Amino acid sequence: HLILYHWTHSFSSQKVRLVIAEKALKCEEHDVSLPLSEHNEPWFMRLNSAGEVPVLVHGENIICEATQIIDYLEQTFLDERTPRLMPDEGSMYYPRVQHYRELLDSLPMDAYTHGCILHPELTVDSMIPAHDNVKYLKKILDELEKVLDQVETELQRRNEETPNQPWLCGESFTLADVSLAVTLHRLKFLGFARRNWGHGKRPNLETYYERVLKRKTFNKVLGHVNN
């Protein structure tokens, strides 16, 4: 009874879709994007996140924008069988989850993609077949490393608390996990994964990404996008 209009390649669309799948909600999803053969240039050449906002229709209500869609889904579907991606607002765990979710959503993925195509010599194993100065790209990638180091320390805390492997903010899969997983998968697509993790660097994050890949929901909604 749900209808979603989205673009497969759209970052925010991927987040919304993963949230739908995690919550075990039957949804009619329509990919408005046209085939590649009709576009003079692929999507990553022309991406505009501000112009590309998915739309959700649930009976009478019509909800634009991905974050609005996710919030509406989290507040509207309170059935006991449907999983919850967010802790109760009264709980002391909600601030942590919300902080990390905001952190991962603030990252400028469009800048990273743009920079990845303009400066392909900074990418490693970029999945593309293949403000504008390289110094700007260097800056934003170092900021990304700071955010990812914060994430690594949080994952280290989680690993300490575990003697049932835990996720980023706890045992339960949360919206912060959705944001982080989609973000890492997009970085992987761009080729910015090797500099940030792997080969003995950020091991907790590497294990996180691998575990995510094995997950049924994530694997059903994603993996086909990269290839």
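The first residue of the shown sequence is 1; numbering continues from there.
Coordinates are absent for 1 to 3 residues of the deposited sequence placed between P163 and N164. Unmodelled residues of the deposited sequence between neighbouring positions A130 and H131 number 10 or more. Stretches compared: 53 to 61, 189 to 197. Higher mean C-alpha B-factor in the entry: 189 to 197. A summary of the deposited B-factors shows that, of 141 to 149 and 69 to 77, the stretch with the larger mean C-alpha value is 141 to 149. Ranked against the other modelled residues of its chain, the C-alpha B-factor of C169 as given in the entry falls in the middle third.
Sort the chain's modelled residues by C-alpha temperature factor and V32 lands in the lowest third, per the entry. Remark: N204 belongs to the highest third of its chain, ranked by C-alpha B-factor as recorded. Ranked against the other modelled residues of its chain, the C-alpha B-factor of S106 as given in the entry falls in the lowest third. Among all modelled residues in its chain, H6 ranks in the lowest third by Cα B-factor.
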